[PDB]
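Undergrad: I am attaching a structure below and will ask some questions about it afterwards.
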Amino acid sequence: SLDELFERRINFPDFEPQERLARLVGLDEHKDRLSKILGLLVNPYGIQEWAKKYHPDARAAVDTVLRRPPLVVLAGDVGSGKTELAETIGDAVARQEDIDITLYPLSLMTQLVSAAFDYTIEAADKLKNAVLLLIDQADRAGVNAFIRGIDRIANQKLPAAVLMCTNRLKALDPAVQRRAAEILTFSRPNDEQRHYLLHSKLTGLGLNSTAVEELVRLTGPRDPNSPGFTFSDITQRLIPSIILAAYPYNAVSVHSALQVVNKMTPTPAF
Amino acid sequence: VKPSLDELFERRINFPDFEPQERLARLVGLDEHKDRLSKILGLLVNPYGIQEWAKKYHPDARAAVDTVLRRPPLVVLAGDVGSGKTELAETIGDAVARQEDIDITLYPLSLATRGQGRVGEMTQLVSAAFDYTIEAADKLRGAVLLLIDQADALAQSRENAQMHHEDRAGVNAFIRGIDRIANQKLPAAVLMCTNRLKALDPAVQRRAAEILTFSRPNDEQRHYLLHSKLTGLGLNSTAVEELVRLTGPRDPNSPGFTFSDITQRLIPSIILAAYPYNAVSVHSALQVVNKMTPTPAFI
Amino acid sequence: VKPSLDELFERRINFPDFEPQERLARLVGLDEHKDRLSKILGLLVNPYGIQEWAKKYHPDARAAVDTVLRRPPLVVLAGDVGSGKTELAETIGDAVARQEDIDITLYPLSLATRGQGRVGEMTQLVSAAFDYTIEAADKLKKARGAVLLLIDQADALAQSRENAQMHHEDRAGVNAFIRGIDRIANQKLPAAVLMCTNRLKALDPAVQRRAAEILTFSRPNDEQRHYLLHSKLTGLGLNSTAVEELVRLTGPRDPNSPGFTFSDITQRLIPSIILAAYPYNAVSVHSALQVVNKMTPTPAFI
Amino acid sequence: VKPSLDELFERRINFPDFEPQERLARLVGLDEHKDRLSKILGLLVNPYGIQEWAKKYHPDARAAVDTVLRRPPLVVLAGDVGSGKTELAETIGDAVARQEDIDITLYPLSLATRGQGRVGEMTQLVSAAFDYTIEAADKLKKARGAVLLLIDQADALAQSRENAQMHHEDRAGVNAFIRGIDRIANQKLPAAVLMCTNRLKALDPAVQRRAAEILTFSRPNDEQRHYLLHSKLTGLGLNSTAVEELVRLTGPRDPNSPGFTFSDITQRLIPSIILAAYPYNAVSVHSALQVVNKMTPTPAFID
Amino acid sequence: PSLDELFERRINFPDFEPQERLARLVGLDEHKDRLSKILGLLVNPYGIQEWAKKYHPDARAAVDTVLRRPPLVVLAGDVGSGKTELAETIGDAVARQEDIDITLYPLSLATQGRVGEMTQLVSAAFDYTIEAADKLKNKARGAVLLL
Amino acid sequence: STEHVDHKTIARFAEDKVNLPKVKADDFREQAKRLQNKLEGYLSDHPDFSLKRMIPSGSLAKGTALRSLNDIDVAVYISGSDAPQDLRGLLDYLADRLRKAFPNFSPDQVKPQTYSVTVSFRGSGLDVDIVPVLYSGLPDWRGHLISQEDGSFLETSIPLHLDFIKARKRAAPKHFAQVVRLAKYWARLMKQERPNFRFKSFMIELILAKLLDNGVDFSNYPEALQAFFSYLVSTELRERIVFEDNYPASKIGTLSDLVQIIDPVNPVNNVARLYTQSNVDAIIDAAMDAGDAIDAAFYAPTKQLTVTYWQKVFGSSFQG
Amino acid sequence: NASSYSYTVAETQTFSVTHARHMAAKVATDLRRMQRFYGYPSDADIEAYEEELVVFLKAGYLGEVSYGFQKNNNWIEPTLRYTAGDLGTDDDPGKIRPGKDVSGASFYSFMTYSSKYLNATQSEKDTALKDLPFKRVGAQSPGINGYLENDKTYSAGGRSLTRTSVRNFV
Ligand SMILES: Nc1ncnc2c1ncn2[C@@H]1O[C@H](COP(=O)(O)OP(=O)(O)OP(=O)(O)O)[C@@H](O)[C@H]1O
Ligand SMILES: Nc1ncnc2c1ncn2[C@@H]1O[C@H](COP(=O)(O)OP(=O)(O)OP(=O)(O)O)[C@@H](O)[C@H]1O
Ligand SMILES: Nc1ncnc2c1ncn2[C@@H]1O[C@H](COP(=O)(O)OP(=O)(O)OP(=O)(O)O)[C@@H](O)[C@H]1O
Ligand SMILES: Nc1ncnc2c1ncn2[C@@H]1O[C@H](COP(=O)(O)OP(=O)(O)OP(=O)(O)O)[C@@H](O)[C@H]1O
Ligand SMILES: [Mg+2]
């Protein structure tokens with residue numbers, strides 16, 4: 001039940017979070033929506049001032065946005081960069097609202113969840129400025145315990161939000177999804193994501209920039225029916241095979257890498 | 001009480017041995033499969049070799065090498081029936097023993113892990129199997145290969161409804177052993193062969209470092225096979241061409257012969273048709289293949 | 001606590017014997033199957049014949065002859081109902097026994113091997129049945145005897161695992177059969193496995209590839225129908241003109257219909273002819289014609 | 001824990017007895033079925049009868065008589081509903097018991113042999129039921145007695161394995177059913193299996209080939225309808241012209257229309273004629289004509 | 001089949017959560033009134049019997065037919081329009097409107113193909129409903145809602 | 001066993017599923033306080049108006065409110081000869097005075113009912129249920145309340161009732177109020193499961209207050225609940241409950257009522273007067289079953305079983 | 001379409017300590033319920049009785065045990081007797097009548113040993129009774145003033161306790 005055992009601790013605004021946010025590629029649209037949706041959930045006052053400045057006469061538009069339960073669900077493949085976004089998103093929101101933000105990650109049972117929520121509300125009541133709780137990875141009583149803790153935060157006018165990272169949306173409890181204010185889906189890596197993924201790993205393999213561009217193209221959706229390479233495929237199949245084919249009597253070659261990718265077939269969608 | 005070793009592990013095999021390297025030599029068309037499987041296993045038993053390779057050509061690229069080395073020690077051989085999955089896995093240890101100049105021991109898992117149906121027996125039998133494999137590897141210098149000859153029976157998908165809770169638990173104990181070997185640096189690798197890849201649990205499938213598919217032989221493969229096997233039967237090259245044609249898909253929808261269809265069905269049937277009164281005849285050898293139909297395949 | 005032999009293995013048949021001999025001679029049209037079965041079973045007990053055959057004709061090639069012997073000793077008999085799959089499978093060991101001057105024992109696998117429902121029982125019962133077969137064959141290993149393991153209803157014991165409705169236990173039993181066949185083959189034990197099925201297509205694809213031979217049985221053709229009737233109608237006072245009309249009528253009356261089986265003629269047609277005359281009359285051509293026209297063959301699987 | 005007789009086999013019937021004799025003789029139009037059925041069943045009890053026949057008529061045909069005895073003692077009663085399959089199957093042992101001067105016990109197979117879903121349960125229940133059949137006959141094997149195994153709901157137990165909508169255990173239950181039949185034939189036991197089905201085509205081809213005889217039951221013709229109506233309309237003051245009218249009307253009125261069954265005449269038409277008169281009126285010719293015209297025969301199966 | 005296995009999460013009315021949810025929902029104001037009216041009349045028809053005594057004392061048959069009505073209200077419509085939110089929370093408005101406690105039994109049919117399962121889930125749902133509704137018989141002490 | 005479910009497990013269950021959230025409860029009290037303040041202002045403009053005061057009388061004012069609260073309970077004191085004597089017309093009179101008191105509300109939003117008059121808000125607020133009290137100036141706002149069960153006039157003081165409750169809440173800072181909610185939650189579940197089960201909320205508070213006066217410890221919820229249950233079964237509700245907060249015990253004398261739980265304000269008024277033997281048996285059986293469960297949970301070997309026993313007391317929402 | 005399914009069952013479990021603790025736990029509940037209304041038996045005593053019952057149920061030595069109040073050599077209400085049986089129905093503890101005249105009666109426990117206890121060698125008993133909480137005096141069997149009501153049965157995996165409650169005559 002000790003604060004040390006539950007979570008690492010990161011204060012925003014901090015320099016590391018800002019610089020990791022710059023590292024993130026292909027998630028710009030997610031970064032904006034996640035910042036603004038978290039920004040309104042913690043600080044309702046913030047949008048109202050924007051409202052009266054640009055559309056004060058209007059009240060029906062803002063009132064839908066004003067009242068939402070404080071859960072955000074980030075769903076994507078394993079290693080999709082969704083975890084990196086949630087750890088640093090609190091910093092981005094901080095600069096928007098220009099208020100200090102504190103983040104509590106979570107390990108990956110009913111009793112472990114309740115304290116995390118109870119600790120979160122304790123600190124969040126006193127600040128009255130916000131507090132970010134991230135359940136980094138995700139029996140029935142524990143499911144209930146998580147539901148209950150969200151309800152407490154929503155009933156009380158608390159600047160606190162819950163981020164939940166789950167690999168798949170199929171099995172999410174219906175009571176959980178109704179409570180989530182927003183559901184974010186993280187698809188298979190785009191051209192921007194696949195380049196930076198491939199460019200770092202192919203470092204020192206003697207492959208010129210032109211080659212890694214052609215790998216980005218080949219690991220792509222192609223026809224609208226075809227899905228394109230997942231994160232797992234590139235890092236756990238493509239790049240390993242490239243090294244394995246060269247080992248042990250040759251170096252990797254642009255021709256050899258090209259033959260690996262063309263033969264390789266991306267995993268099908270659900 | 002701990003189950004006996006022979007209760008779980010059938011007959012253990014040691015490499016290098018003469019029988020394995022000759023059985024590996026007899027395989028035809030699996031040269032690409034051999035190299036990848038021999039490289040993966042060699043890296044799983046000995047990780048020092050890739051570091052030497054990196055220095056020669058790509059010393060800077062530490063992160064690239066780590067993606068290979070850090071993969072789990074599980075390789076699944078799946079594909080069509082009679083395609084050389086079981087043959088390659090039993091004898092590939094010899095090629096790894098000779099390249100790395102260490103002796104290797106192969107532990108084949110028995111169907112006794114299913115047990116007598118006492119609750120908790122499945123979990124304990126499968127756990128004890130991984131325990132023995134880890135024990136031998138922890139003391140090693142040497143290499144320990146864990147082989148599952150029929151993986152689809154031992155670790156079927158837990159989603160499926162027509163299976164017991166003891167059945168699913170044995171699948172769960174099976175997942176835990178693979179991870180448990182992976183955390184430790186032991187020189188051990190797990191090979192499993194299944195006719196049906198879709199029967200395996202998804203958690204197993206993601207854990208495998210690599211999945212090698214075995215299929216029915218193509219025009220070039222059947223030709224190379226038929227020459228080596230039909231040697232000394234007095235069959236001319238024009239005849240073996242027609243045998244290559246006849247041992248393929250006779251319809252776009254039909255599959256064509258497997259490796260086993262040629263070596264264990266067609267060849268003995270050619271000879272047995274002559275035995276014991278007459279010599280092998282082109283006319284007779286052509287008449288037996290036309291009667292014969294390839295082994296059917298799964299939907 | 002191992003299961004008993006009587007719990008897994010029906011009644012054992014011993015050869016040579018005068019009944020299996022007499023039953024085997026009654027079979028019509030199976031001469032090629034008898035020959036191939038004798039070649040496979042004969043080489044199983046005595047591999048020298050093919051090695052002597054190699055020297056005379058193909059001495060330079062010993063891979064090919066070694067290929068005949070090292071394969072698994074599984075023969076599948078499949079085809080139409082009532083066509084002699086089961087009769088031939090039971091009595092073939094007699095013919096092999098006399099020719100090889102050897103004693104052979106036949107083990108019929110019982111359908112009790114599937115079990116009563118506890119987990120692992122089917123895998124335990126099937127594997128147990130092979131241990132008995134392996135142990136007996138080890139004692140007789142030129143081998144001083146052979147062991148034949150017969151699986152009379154193949155589709156129930158070995159079903160394609162792709163079928164969704166079966167239980168996980170059922171697929172586990174098929175795998176136990178697969179490992180059993182491989183197990184006998186890896187050792188040089190003089191044991192063979194024979195399985196008969198009405199439905200070859202239901203059998204698992206991994207079962208089929210391990211079969212050394214697959215023998216197909218069908219319903220008798222015009223000639224086969226003539227020999228079978230002529231021998232059975234001896235002493236019934238029917239001339240050759242009447243039996244010619246019986247052969248025509250026992251043939252398929254419709255281009256798509258099957259026509260009479262072997263079982264149809266011996267166990268249905270000729271008995272019905274006798275019994276209509278019984279007990280107050282002799283067999284009449286007029287009566288023999290009428291019972292045949294009324295009778296229809298047994299239908300076939302689509 | 002061996003399954004008990006009662007769970008597998010319902011309630012056995014013994015022969016000879018007064019009830020079965022009375023019911024059998026009431027059957028109209030099954031004379032050629034009785035003789036056929038009593039010949040086969042009598043030849044299983046006493047093989048000498050046919051052997052003596054061969055000597056007198058066909059001495060040279062030694063193989064022929066052996067074929068009649070070695071067949072699997074299976075007969076199939078199939079045909080239209082309410083035609084007498086179950087009534088004849090049940091009572092046929094009585095006429096056999098009296099003529100062969102022995103006592104016959106009829107075991108009616110229960111549908112409990114299908115089980116309640118355990119893996120292999122059906123195969124072991126069906127197997128154990130044949131074991132009991134064989135135990136009872138093994139003691140009895142001139143035969144001291146005869147055993148009859150009845151399966152009136154036969155299409156439910158033996159279904160063609162080619163059908164897609166059935167479990168693996170359903171297909172294993174047919175195979176166990178097959179092997180049990182083969183097991184009875186292999187031994188000399190005086191036991192015969194009789195099975196009745198509404199749909200002969202639903203039965204498995206492997207079952208149908210082992211049928212030593214297949215008996216086809218159909219709806220009554222004018223003669224059988226006349227005898228049946230005349231027998232049970234006696235005493236109701238209905239004249240010869242009236243019963244003739246009722247016989248015409250209880251027949252197929254079109255190529256499409258199937259015509260009246262045996263059960264429709266006995267268990268529907270006659271009691272409805274009585275109930276219309278009951279309880280304040282006598283049976284009237286005009287009432288009987290109204291009742292027949294209202295009533296329609298039972299629809300037949302498409303196959 | 002267990003009550004826990006059959007009926008997912010049981011909802012008890014009145015409660016402030018469903019009351020607030022039902023106020024938030026928009027575009028179904030006409031449906032709210034009707035559904036609350038129709039359900040209230042079906043679960044609590046006692047008011048009609050006092051009404052009937054003053055106006056039509058002789059008409060026993062007429063009041064019987066209102067007590068015997070099949071209490072089925074159907075929500076047919078294009079998905080995602082908010083009718084599932086309405087169905088789950090409409091019971092809170094009926095409890096306060098009728099001043100009686102209500103329990104809600106929610107069944108999800110789409111959430112195997114096994115033969116007889118349709119009948120197993122449907123009949124068992126009505127059996128638990130009728131067990132609970134029989135204990136409330138007499139004004140009724142409460143109501144039961146099967147969804 | 002007690003390791004699987006303890007006092008804490010009951011306390012956290014009460015916040016999550018039994019208690020009404022404080023933010024919701026204060027907001028509900030603010031609807032009433034606005035109506036009260038409007039009545040004070042209108043009374044200042046018109047001294048002859050009959051509706052001299054409005055006082056919150058319900059669980060929300062007691063701090064015993066449940067998550068399942070139907071509506072806010074307030075009492076309005078009617079003064080002056082204009083008020084009709086019959087129940088039907090007194091309510092109509094009150095509604096008419098209320099509409100005149102609140103000009104902004106629509107006439108149809110104020111609705112007379114069987115034993116009270118309801119004011120319903122337009123958007124998302126709870127109706128306010130107003131019980132008419134006939135007031136003739138007696139001290140501590142004593143008057144003739146309208147009984148919500150049958151409509152009979154009861155002479156009592158609601159402000160004194162509130163002081164009684166608050167004295168017990170001062171005797172057990174947070175626990176007495178929590179045990180009252182737990183007992184009222186159990187009773188509400190019991191009302192739907194057991195026919196002939198009737199149990200008044202005010203009455204439950206009177207019975208629990210006696211046990212608190214008797215030294216029963218409320219610091220442990222399982223133990224205190226079991227004492228409340230063991231009292232009901234042992235006593236069988238045939239022992240009279242009387243409090244000397246405002247009058248001597250002798251003053252009641254003799255009553256022929258089957259259940260005797262006396263108003264601490266008025267010795268003539270018996271809260272249990274409407275309770276019958278058929279009601280009493282149903283309470284005792286449920287109190288027996290409830291006590292069997294809580295004790296079975298104390299010796300239960302596993303948590304799965306221990307939760308199931310507690311579900312007999314608190315229903316399906318208890319998951320432990 | 002649609003489908004049918006088959007199922008498998010695990011091997012039937014031997015009666016174990018958990019099974020014994022499942023039944024003994026419900027007994028201790030009935031003793032505590034009795035204490036609440038009649039002041040006996042003690043909390044500390046209830047545990048000793050429960051722990052003894054586990055040892056005896058696990059060993060199979062037990063046949064019948066009775067707890068409750070007695071006048072002279074006759075049990076009086078409340079008095080609960082549990083009988084070991086081979087046979088499944090498992091019930092929740094409770095259903096203890098209160099308000100009965102305890103009078104000058106006292107609490108007492110009597111236990112009847114099973115056939116298996118009588119056959120077992122005494123060295124064998126000590127190994128099975130190794131963990132017993134207290135030694136027990138013997139051979140003072142009481143009677144029953146009133147009639148006997150079978151109200152509850154507790155069932156473990158293999159074995160069951162059938163309980164009868166003594167009912168005073170009215
Ligand atoms: N590619 C190949 N080259 C030469 N021989 C082969 C080849 N594939 C199969 N065979 C022959 O076929 C036989 C059976 O193959 P094997 O059983 O090893 O694979 P498998 O059929 O996939 O295993 P399973 O029994 O699980 O189907 C071997 O004895 C081998 O000699
Ligand atoms: N080729 C044949 N020549 C003569 N008679 C035959 C032949 N085949 C079958 N019969 C007759 O048919 C009977 C039944 O055949 P059998 O049961 O042995 O094979 P099967 O019917 O194919 O096996 P299954 O029981 O699986 O259908 C035999 O008793 C035999 O008299
Ligand atoms: N040939 C017949 N003559 C007179 N009555 C008959 C005849 N056949 C059937 N019935 C009447 O029908 C009744 C039931 O017949 P039965 O049960 O044998 O018909 P079934 O269709 O063969 O039965 P099932 O449908 O159960 O197999 C008998 O009691 C009898 O009254
Ligand atoms: N029989 C009665 N005699 C005197 N006063 C009563 C009586 N019943 C209710 N009251 C008064 O009404 C007030 C409300 O008690 P009530 O029984 O309505 O419970 P409640 O507080 O409304 O609880 P809930 O709203 O949770 O049901 C009490 O404070 C009490 O002063
Ligand atoms: Mg209230």
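Note on naming: chains are A, B, ... as they come in the structure tokens, residues start from 1 per chain, ligands start from 1 in the order shown.
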What lies within 10 Å of residue 216 (chain D) using only C-alpha atoms, ignoring chain neighbours under 5 positions off, as number ranges by chain?
TA: D: 33, 76-80, 83, 85, 200
Undergrad: Let me see if you get this right: every residue at most 7 Å from ligand 4, counting only C-alpha atoms and all ligand atoms, written as a list in words.
TA: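 The distance check yields residues 57, 58, 59, 62, 64, 65, 66, 69, 70, 73, 147, 154, 156, 158, 161, 162, 200, 201, 202, 203, 263, 269, 270 and 271 of chain F.
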Undergrad: Please provide as a ChimeraX atom specification all residues within 9 Å of region 98-108 of chain D, with the sequence filter that same-chain residues fewer than 4 positions apart are discarded (counting only C-alpha atoms).
TA: /D:8-16,42,45-46,90,93-94,133,143-152
Undergrad: Could you dump the residues just selected with N, CA, C and O atoms as a compact mmCIF listing (two decimals), in the first residue's frame?
TA:
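Generated file (result24.txt):
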```
# COMPACT_ATOMS: atom_id res chain seq x y z
N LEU D 8 -30.43 -49.56 -19.61
CA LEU D 8 -30.14 -49.76 -21.03
C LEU D 8 -31.33 -50.29 -21.81
O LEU D 8 -31.46 -49.99 -23.00
N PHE D 9 -32.20 -51.07 -21.18
CA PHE D 9 -33.08 -51.97 -21.93
C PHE D 9 -34.56 -51.84 -21.63
O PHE D 9 -35.32 -52.71 -22.06
N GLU D 10 -34.99 -50.81 -20.92
CA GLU D 10 -36.40 -50.67 -20.50
C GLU D 10 -36.93 -51.97 -19.91
O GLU D 10 -36.27 -52.57 -19.06
N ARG D 11 -38.10 -52.41 -20.35
CA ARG D 11 -38.82 -53.51 -19.72
C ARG D 11 -39.01 -54.65 -20.71
O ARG D 11 -39.64 -54.47 -21.76
N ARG D 12 -38.50 -55.82 -20.35
CA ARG D 12 -38.52 -56.99 -21.20
C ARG D 12 -39.91 -57.63 -21.24
O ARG D 12 -40.70 -57.52 -20.30
N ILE D 13 -40.20 -58.29 -22.36
CA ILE D 13 -41.46 -58.98 -22.59
C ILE D 13 -41.18 -60.46 -22.75
O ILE D 13 -40.18 -60.85 -23.37
N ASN D 14 -42.06 -61.30 -22.21
CA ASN D 14 -41.88 -62.74 -22.23
C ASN D 14 -42.95 -63.41 -23.07
O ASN D 14 -44.09 -62.93 -23.18
N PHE D 15 -42.58 -64.54 -23.67
CA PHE D 15 -43.44 -65.30 -24.57
C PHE D 15 -43.34 -66.77 -24.21
O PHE D 15 -42.29 -67.23 -23.73
N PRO D 16 -44.41 -67.55 -24.42
CA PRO D 16 -45.74 -67.12 -24.88
C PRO D 16 -46.56 -66.47 -23.77
O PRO D 16 -46.29 -66.66 -22.59
N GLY D 42 -37.65 -68.95 -36.76
CA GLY D 42 -37.68 -70.38 -36.50
C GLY D 42 -36.42 -71.10 -36.94
O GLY D 42 -36.01 -72.08 -36.32
N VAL D 45 -33.75 -70.80 -34.25
CA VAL D 45 -33.98 -71.65 -33.09
C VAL D 45 -33.62 -73.10 -33.42
O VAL D 45 -32.93 -73.78 -32.65
N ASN D 46 -34.09 -73.60 -34.56
CA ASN D 46 -33.91 -74.99 -34.95
C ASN D 46 -33.37 -75.05 -36.37
O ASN D 46 -34.15 -74.93 -37.33
N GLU D 90 -43.27 -56.44 -31.89
CA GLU D 90 -43.42 -56.83 -30.49
C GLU D 90 -44.00 -58.23 -30.36
O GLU D 90 -43.48 -59.06 -29.61
N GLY D 93 -42.64 -62.58 -31.64
CA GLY D 93 -41.98 -63.61 -30.86
C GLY D 93 -42.94 -64.64 -30.30
O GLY D 93 -42.58 -65.80 -30.11
N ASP D 94 -44.19 -64.23 -30.05
CA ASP D 94 -45.17 -65.13 -29.47
C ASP D 94 -45.48 -66.29 -30.42
O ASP D 94 -45.36 -67.46 -30.04
N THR D 133 -27.46 -58.79 -24.39
CA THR D 133 -28.12 -59.62 -25.40
C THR D 133 -27.37 -60.93 -25.61
O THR D 133 -27.98 -62.00 -25.73
N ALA D 143 -32.73 -75.23 -29.78
CA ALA D 143 -32.33 -74.14 -28.89
C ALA D 143 -33.26 -74.09 -27.69
O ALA D 143 -34.48 -74.19 -27.85
N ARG D 144 -32.69 -73.95 -26.50
CA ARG D 144 -33.50 -73.94 -25.28
C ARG D 144 -34.44 -72.74 -25.27
O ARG D 144 -35.58 -72.84 -24.80
N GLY D 145 -33.98 -71.60 -25.77
CA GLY D 145 -34.82 -70.42 -25.85
C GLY D 145 -34.26 -69.49 -26.90
O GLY D 145 -33.23 -69.76 -27.52
N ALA D 146 -34.96 -68.38 -27.10
CA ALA D 146 -34.55 -67.36 -28.05
C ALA D 146 -34.63 -65.99 -27.40
O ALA D 146 -35.44 -65.76 -26.49
N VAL D 147 -33.78 -65.08 -27.87
CA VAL D 147 -33.69 -63.72 -27.37
C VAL D 147 -33.94 -62.76 -28.53
O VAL D 147 -33.36 -62.93 -29.61
N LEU D 148 -34.81 -61.78 -28.31
CA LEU D 148 -35.11 -60.76 -29.31
C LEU D 148 -34.65 -59.40 -28.80
O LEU D 148 -35.01 -58.99 -27.70
N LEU D 149 -33.85 -58.72 -29.61
CA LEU D 149 -33.40 -57.37 -29.32
C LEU D 149 -34.17 -56.41 -30.22
O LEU D 149 -33.99 -56.41 -31.44
N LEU D 150 -35.04 -55.58 -29.62
CA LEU D 150 -35.90 -54.67 -30.35
C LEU D 150 -35.37 -53.25 -30.26
O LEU D 150 -34.95 -52.79 -29.19
N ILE D 151 -35.41 -52.54 -31.39
CA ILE D 151 -34.98 -51.15 -31.51
C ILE D 151 -36.03 -50.40 -32.31
O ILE D 151 -35.91 -50.26 -33.53
N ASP D 152 -37.10 -49.94 -31.65
CA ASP D 152 -38.22 -49.36 -32.38
C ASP D 152 -37.93 -47.96 -32.87
O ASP D 152 -38.40 -47.56 -33.94
```
Undergrad: Give the helix (DSSP H, G or I) residues of chain G, as assigned by DSSP on the backbone, as a PyMOL selection string.
TA: chain G and resi 17-38+43-59+115-119+122-128
Undergrad: Using only C-alpha atoms and all ligand atoms, find each protein or nucleic acid residue lying at most 7 Å from ligand 3; present the set as a short mmCIF file (atom, residue, chain, number, x, y, z; two decimals) with C-alpha atoms, in the first residue's frame.
TA:
```cif
data_model
loop_
_atom_site.label_atom_id
_atom_site.label_comp_id
_atom_site.auth_asym_id
_atom_site.auth_seq_id
_atom_site.Cartn_x
_atom_site.Cartn_y
_atom_site.Cartn_z
CA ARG D 26 -55.61 -58.79 -35.01
CA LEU D 27 -53.07 -57.65 -37.62
CA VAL D 28 -54.74 -57.31 -41.03
CA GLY D 29 -52.68 -57.72 -44.19
CA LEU D 30 -49.35 -58.73 -42.64
CA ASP D 80 -45.62 -45.77 -43.53
CA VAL D 81 -46.71 -44.58 -40.09
CA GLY D 82 -49.33 -46.61 -38.26
CA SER D 83 -48.77 -49.66 -40.45
CA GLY D 84 -47.98 -52.28 -37.82
CA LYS D 85 -44.18 -52.21 -37.59
CA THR D 86 -44.08 -51.82 -33.81
CA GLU D 87 -47.10 -54.07 -33.22
CA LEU D 88 -45.73 -56.87 -35.41
CA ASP D 152 -38.22 -49.36 -32.38
CA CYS D 196 -38.26 -50.32 -37.01
CA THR D 197 -37.97 -46.97 -38.76
CA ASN D 198 -40.33 -44.43 -40.29
CA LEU D 228 -60.60 -53.99 -40.96
CA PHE D 262 -54.13 -48.67 -40.60
CA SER D 263 -53.94 -46.58 -37.41
CA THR D 266 -58.69 -48.05 -36.04
CA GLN D 267 -57.52 -45.24 -33.75
#
```
Undergrad: As a quick test: using only C-alpha atoms and all ligand atoms, which residues lie no more than 6 Å away from ligand 1? Give them as JSON, numbers by chain.
TA: {"B": [26, 27, 28, 29, 30, 81, 82, 83, 84, 85, 86, 87, 195, 259, 260, 263], "C": [206]}
Undergrad: Given the selection you just returned, output its residues as a file containing C-alpha atoms, formatted as a JSON list (two decimals), in the first residue's frame.
TA:
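What landed in again.json:
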```
[["chain", "number", "residue", "atom", "x", "y", "z"],
["B", 26, "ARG", "CA", 18.88, -37.56, -47.29],
["B", 27, "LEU", "CA", 16.49, -34.59, -47.04],
["B", 28, "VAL", "CA", 15.84, -32.86, -50.37],
["B", 29, "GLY", "CA", 14.59, -29.32, -50.91],
["B", 30, "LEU", "CA", 14.82, -28.30, -47.24],
["B", 81, "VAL", "CA", 1.59, -33.96, -43.83],
["B", 82, "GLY", "CA", 4.64, -35.97, -44.87],
["B", 83, "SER", "CA", 6.74, -32.87, -45.56],
["B", 84, "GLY", "CA", 9.81, -33.58, -43.42],
["B", 85, "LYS", "CA", 8.85, -31.62, -40.30],
["B", 86, "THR", "CA", 9.45, -34.51, -37.91],
["B", 87, "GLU", "CA", 12.50, -35.75, -39.83],
["B", 195, "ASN", "CA", 0.31, -30.57, -38.85],
["B", 259, "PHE", "CA", 7.42, -35.79, -50.09],
["B", 260, "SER", "CA", 6.14, -38.83, -48.17],
["B", 263, "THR", "CA", 9.40, -41.81, -50.91],
["C", 206, "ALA", "CA", -1.78, -37.74, -41.31]]
```
Undergrad: Residues of chain B within 8 Å of chain G, using only C-alpha atoms, as a list in words?
TA: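 The contacting residues on chain B are residues 116, 117, 118, 119, 162, 163, 164 and 166 of chain B.
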